[PDB]
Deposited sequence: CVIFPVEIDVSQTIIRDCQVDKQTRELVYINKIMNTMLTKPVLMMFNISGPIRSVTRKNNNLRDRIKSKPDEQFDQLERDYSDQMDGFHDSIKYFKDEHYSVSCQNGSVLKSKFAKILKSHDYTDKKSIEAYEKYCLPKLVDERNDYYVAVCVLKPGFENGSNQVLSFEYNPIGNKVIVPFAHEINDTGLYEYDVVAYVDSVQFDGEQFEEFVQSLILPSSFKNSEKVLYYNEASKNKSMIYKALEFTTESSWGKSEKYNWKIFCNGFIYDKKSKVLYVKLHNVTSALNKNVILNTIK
């Protein structure tokens, strides 16, 4: 149910975004819509083996585990790409905005109410005036969950040396969005400012201990730079000989390897009033 993203430069002009969504692995009863921004037009769409999900996920998870001290368990122009079960179209947001229902019908996404809903709560997040960023429309069809290929791979060419990390949620009534996504983005440049804005708006899960505090970290290390929040608290034995434990869990934010220009993102069960993408520069 978590969303896994891997975006890598595969050569001078091309990048590949691998997107694994929660939906993608459900018994789809009818066509499902997924839309997100991408920094350039797509030229190929493929499905990949499910083993890729854990391979990709382990990377950001591993990086963030290194920050924790979890004493648990202790003993003490529109382009189309189709398949028997999915249908995708790439186009500038303005275009999608200008022909939404037809394009969607094009992918066999009929339900009028649903179309209106997306046009009202989704599209606004995917259409920017300043830059007419591209949008990827994927309609998943029943049967997509049959087999071991519920992983979409988008081959594309970045416009203007930019890379969009698709975090934009659907606009909702409460103004609060719960995130659960991990990401791996290589060949990108650090952006402290927007990383901080994001980290500082996050609300961590609770350990239910009256003594817990949420600390904000923004530290640069030898090779890597980290911006994250963590839940910290102490636990001590009552029997005497107070062997104190300083727990440091629920670390979420951005970790950036300055040497290899790799970005690790983890926003696991955190809430925020921010509903936006992270747009970075390529290297």
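Residues of the deposited sequence lacking C-alpha coordinates fall in the stretches 1-10, 87-90, 298, numbered from 1.
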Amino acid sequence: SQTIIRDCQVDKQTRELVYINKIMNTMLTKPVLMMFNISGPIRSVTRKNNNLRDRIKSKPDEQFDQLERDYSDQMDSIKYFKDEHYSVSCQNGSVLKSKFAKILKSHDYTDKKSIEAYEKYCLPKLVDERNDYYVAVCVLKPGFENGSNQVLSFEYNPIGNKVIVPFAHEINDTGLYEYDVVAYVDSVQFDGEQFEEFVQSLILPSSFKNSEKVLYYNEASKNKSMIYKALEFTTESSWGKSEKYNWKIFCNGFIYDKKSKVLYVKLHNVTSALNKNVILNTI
From here on, numbers count along this sequence of modelled residues.
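Stretches 140-148 and 188-196 differ in mean CA B factor, with 140-148 having the higher one. Here 66-74 and 212-220 are compared by their mean Cα B-factor, and 66-74 comes out higher. Highest CA B-factor among 250, 245, 254, 36, as stated in the entry: 245. Taking the PDB entry at face value, the top CA B factor among 90, 115, 164, 182 belongs to 115.
Ranked by C-alpha B-factor against the other modelled residues of its chain, residue 272 falls in the lowest third. Sorting the modelled residues of the chain by their CA temperature factor places residue 22 in the highest third. Annotation for residue 233: C-alpha temperature factor in the middle third relative to the rest of the modelled chain, per the entry. Among the modelled residues of its chain, residue 52 has a C-alpha B-factor that falls in the middle third, as given in the PDB entry. Ranked by Cα temperature factor within the chain, residue 45 sits in the lowest third according to the deposited record.
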